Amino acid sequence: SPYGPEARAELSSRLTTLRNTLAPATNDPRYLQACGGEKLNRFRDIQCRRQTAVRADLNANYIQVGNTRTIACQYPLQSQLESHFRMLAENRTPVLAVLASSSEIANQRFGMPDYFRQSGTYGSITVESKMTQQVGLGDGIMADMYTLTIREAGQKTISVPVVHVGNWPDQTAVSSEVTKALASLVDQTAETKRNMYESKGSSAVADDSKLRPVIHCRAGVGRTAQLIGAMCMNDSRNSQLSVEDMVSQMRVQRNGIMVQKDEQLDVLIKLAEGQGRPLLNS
């Protein structure tokens, strides 16, 4: 069997050798180094691939798994909020999915600014947060939606759709059913906002580095990785793309931690099996 135990074990082995190789060495050339004093990486061990770094002062990365293009990042630190909102605005973000739990945001010990649930003023950028719908994704998992309006003198006003999953505990994997429902919601939201931009002849439509869904939460390598993995499998353009490829790609494009937990890898494995998608490369 292609999804049997022998196959799973072999997948883990390759991915594990990959994780170990990608581990960040001190001043590693492959990873973005902190500009000069102010913290860059929320977690010293969880770095940002330099060749795909979106901004010099953010732990964020452009990620292309197959034909699916997104952006994965850590929860912006307090001091990176302005830069963070700029990335959001310039990317004409079709959708921002935040998989960090409400508990986490509330815990001031974690330094995770409640930047999307309330209005705020960071630098010369002023943000307007507005509540919209709320959607249950199954298993008691809830999607709280907002619209972030990025305003900045001299700059074009950009509104961003936000999908906030407030009860997906860190380092855990929700069911394949929920993950599937989530990707559908995120892909959907991104699709509607993109249509608006397309309908207005926005130039950002042709640029591949723009209009990318931004997914994250605390570190941007677990719940984030799982969602992005489920999102590429949702795109028909990725026929045959292996699970090995998917993770291999997320890791090389951000860090070797992408798809942090085994149960999170299982979910992608379950989904891929449901599509007859291969696990290993031949």
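Think of the rigid core as the biggest set of C-alphas that the two forms share within 1.5 Å after superposition. Counting begins at 1, following the sequence as shown.
Stretch 34-42 is the one, of 63-71 and 34-42, whose CA positions lie farther from the shown form in 4 other deposited structures of this protein once all structures are superposed by the rigid core.
If you average the C-alpha B-factors over 86-94 and over 132-140, the higher value belongs to 132-140. Comparing the deposited coordinates for 227-235 and 29-37, the stretch with the larger average C-alpha B-factor is 29-37. Highest CA B-factor among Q118, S159, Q74, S102, as stated in the entry: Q118. When the C-alpha B-factors of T179, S203, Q80, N167 are read from the PDB record, the largest value belongs to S203. The entry lists a Cα temperature factor for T70 that places it in the middle third of the chain's modelled residues. In the PDB entry, a CA B factor belonging to the highest third of its chain's modelled residues is recorded for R194. Among the modelled residues of the chain, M250 sits in the lowest third by CA temperature factor in this PDB entry.
Among the modelled residues of its chain, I257 has a C-alpha B-factor that falls in the lowest third according to the deposited record. Ranked against the other modelled residues of its chain, the C-alpha B-factor of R212 as given in the entry falls in the lowest third.
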